[PDB]
């Protein structure tokens, strides 16, 4: 069996990534706060091989100690072959006005919980064989790569995740653990539904979540990629 953990599996990029991973034969564990929405995604996931099975994990990533301990998880951390750290929350505000508890919670969900989950996986896995590396894939953002007004703390969270990624990649490559970020541009999901007009881009229009999922698959099957960013942004930052 192969197992993939997708946080934020209840909709958007995570749901799309989960579907594609299940089509490739992975047992997928969907993790988020919403049991009913998780179950609905679970019901749509492909089955491509007998014995394949999917799981849900009720997990609030505002709770960093739960992440750290894999609290409630259906399988031990060492069972996973792919970890798609996809859960995140956005916030649009003048920096002067952004409520302190709101921006601190954003950091906990976007940066501290991924850190804690990664630590828990590294501890349990310890090392991997050369034929079956563990792939850790952060869903970061182009906001971590260039400055956009009124998304400062969000940008901090994503740039921070990418900085963690490069250091972990160098540390654990010799253990057979490969670690990368995908940095999406404007992608049509619940998170960006409040945006009513896009910037003028070299490739026009919204990106679909399924397009980000194809980049997850590219990394999940990869062999010689670690410590890098895969930017899927319609040319926003070119």
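Numbering follows the first chain given and starts at 1.
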> Got a sec? Mean C-alpha B-factor, which is higher, 87 to 95 or 148 to 156?
Replying inline: 87 to 95
>> Regarding 163 to 171 and 124 to 132, which shows the higher C-alpha temperature factor on average in the entry?
In response: 124 to 132
> Highest Cα B-factor in the PDB entry belongs to which of 203, 213, 48, 28?
Replying inline: 48
> Which third of the chain holds residue 185 when residues are ordered by C-alpha B factor: lowest, middle or highest?
Replying inline: lowest
>> Lowest, middle or highest third: which one holds residue 75 when the chain's residues are ordered by CA B-factor from the entry?
In response: middle
> Taking the entry's C-alpha B-factors for this chain, is residue 223 in the lowest, middle or highest third?
Replying inline: lowest
>> Using only modelled residues of the chain, where does the Cα B factor of residue 1 rank: lowest third, middle third or highest third?
In response: highest
>> By the recorded C-alpha temperature factor, relative to the other modelled residues in its chain, which third is residue 53 in?
In response: highest
